[PDB]
Amino acid sequence: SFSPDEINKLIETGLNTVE
Amino acid sequence: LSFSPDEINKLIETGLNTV
Amino acid sequence: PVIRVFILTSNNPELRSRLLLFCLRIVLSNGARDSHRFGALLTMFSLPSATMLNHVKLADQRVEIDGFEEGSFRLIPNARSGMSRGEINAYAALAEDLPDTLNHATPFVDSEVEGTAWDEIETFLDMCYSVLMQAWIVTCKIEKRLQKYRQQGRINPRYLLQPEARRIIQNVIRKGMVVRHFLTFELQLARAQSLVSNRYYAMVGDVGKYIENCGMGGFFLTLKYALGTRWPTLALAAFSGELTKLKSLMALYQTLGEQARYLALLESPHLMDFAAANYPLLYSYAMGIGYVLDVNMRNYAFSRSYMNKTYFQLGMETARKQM
Amino acid sequence: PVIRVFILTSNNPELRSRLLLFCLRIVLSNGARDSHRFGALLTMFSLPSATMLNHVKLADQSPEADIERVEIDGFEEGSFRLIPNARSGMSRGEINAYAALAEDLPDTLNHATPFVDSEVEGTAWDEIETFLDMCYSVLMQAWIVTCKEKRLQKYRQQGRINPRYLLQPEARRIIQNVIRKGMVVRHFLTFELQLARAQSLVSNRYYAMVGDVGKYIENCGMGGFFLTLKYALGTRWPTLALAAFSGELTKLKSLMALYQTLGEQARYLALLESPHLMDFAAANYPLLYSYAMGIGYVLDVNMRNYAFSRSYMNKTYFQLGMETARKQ
């Protein structure tokens, strides 16, 4: 169901929201 | 000069029965 | 606890076929022990694989390459450059020790398969690929996959195994950590091409798509719908804990590298670290967002006990309001 | 930056030869960057290897780039201009830059060629035997300098490296330093050494020569460790129960358990520059190393050449070792 590539790893979303 | 695999040079942990 | 992998000294297809049908019987025999089943199963998987044979030599990770097959059976027992008389008769007895649930004392649904003259290379490779493809199908996550691989010609119906013979192979692979360790290498070589889609490795790559990232569905759906949107509701304080937890899980996937896509098959203890139960709020938020955005999300299960009913509705409301 | 590995759409020997010599000139050029030399060198090693070709994958977080396919080079020699296909993603500016790098050889190379013979690059690479002899000859010269004196005279006399394709010494040293700086290059070389060891290629002339070179590379810096295991410990000498050995015996137990734990990385500790390499140095067990050298001094005919002035050499436990193996 998912491609063998993970640009989905948005750690940037994580560290932005834990300000 | 060099050693092949077949590292039978692990008879020695039984050679460590003196431990 | 010795795992013996049989290697032959000749390409002639009649000997290759007899070795596979001999190893298949050991895997399915009543009296054999796991160690015997793991080694016979590795012998079957390595016959079409010059690369797995190159990982069976002293490697990997134990496995002794019993090999030394001159080696045609006299009938059902071997002739070894390597070992003893008593093991020849013991292995020969194990090959004729099938359970009564298999009709006509044969693993195949067609009683006259083993009697076939394995004269030519194509009748062995068609037999070898059909048997191994039925093995590959039961090694992860079968109802209708066989119907697909039958119509696509990946399994010759003449070489179908009886259902009991498939289920025993399924559990032997399940119990065999060493067997699944060598299966990962075949999947890794399946992708990155082989011989303009070698008929075997093209089929393995196809089966690979099912095995890779098995059990990571909730993890990737959460990364997609909850963290791919970057919507203001992510800053709710009830997400703060699961936010950092998903950040370590993402770091963990990157650190594992090649083994990351094979956690379920490799029996990694890290696999259930990725389960949705460890971040049930952001998971319910992601499912609500996916319910609205993606048409394929319904009907999903949504029957998990840790699914939060209100955070699912927050996700729906956050996603629906693209107005 | 990007590590560019060019590969072909054709089994054409002349194209395989031109790509080889193109890449060789990029490794030796004055103006190339380390990333250009690493990729140009991996391209050379990959030409006779189907395995390394499958190892170079962009899929999983690549610093590698296949550049994807290259059809042919510019036809007139002196035009090192690549011709990539669609979905290649290479801009004209980069084809001229690469063509300029292939002509920018240092002045220490006589006749502006990497080879001692000035008429080698001008050879018509018509037949696959002319390429394969050339490809194997220069790749072999790169394998000898990967190691950590003149084995060229050996390999020339015996199984072939063709003197016609001898590199000039300045070209060899530059390749040697690129391999040393390139961790990525040495990472792929281990897969070739592993493949030469497990042989379905016993008849392949290239992997046979790689496996012989690999005998020198594999377990480099492990001699003192394996000799100690062989002599001090290959048999149950009763002097092993001396209390002065009690500490080093457990040390070698952890060292041997370490060798098993690392698996196949254990064979290439010096090549991959692993910190664990020094853990196997004899200075961590000087008493037993001294005891094993004495045993092997009287037991083996060949150990006249090895015992050469070690700082931690005890010289008293050396005498205990020879007296233990003196009479059996």
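The residue numbers of chain D are those assigned by Swiss-Prot, with the residues present covering 33-180, 193-372 sequentially.
The way this entry was determined, per its header, is X-ray crystallography, 2.7 Å.
Quick reminder: no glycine exception, Cβ is built from N, Cα and C everywhere.
Taken from Swiss-Prot, the feature RNA binding site applies to D:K180, D:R195, D:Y260, D:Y350, D:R354.
Mapped onto this structure are the features recorded in Swiss-Prot.
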residue: D:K180; record: RNA binding site; Cβ contacts under 8 Å, 6 or more apart: D:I261, D:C264, D:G265, D:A314, D:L315
residue: D:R195; record: RNA binding site; Cβ contacts under 8 Å, 6 or more apart: D:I176
residue: D:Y260; record: RNA binding site; Cβ contacts under 8 Å, 6 or more apart: D:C179
residue: D:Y350; record: RNA binding site; Cβ contacts under 8 Å, 6 or more apart: D:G267, D:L271, D:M337
residue: D:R354; record: RNA binding site; Cβ contacts under 8 Å, 6 or more apart: D:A326, D:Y333
Query raised in the report: Max Cα distance spanning D:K180, D:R195, D:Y260, D:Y350, D:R354 (RNA binders), Å?
Result: 26
Query - Flanking Cα pair D:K180 / D:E193, between which 12 residues have no modelled coordinates, distance in Å - result: 11
Query raised in the report: Mind pulling out which binding-site residues among D:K180, D:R195, D:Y260, D:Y350, D:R354 sit under 8 Å from chain B, Cβ to Cβ?
Result: D:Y260
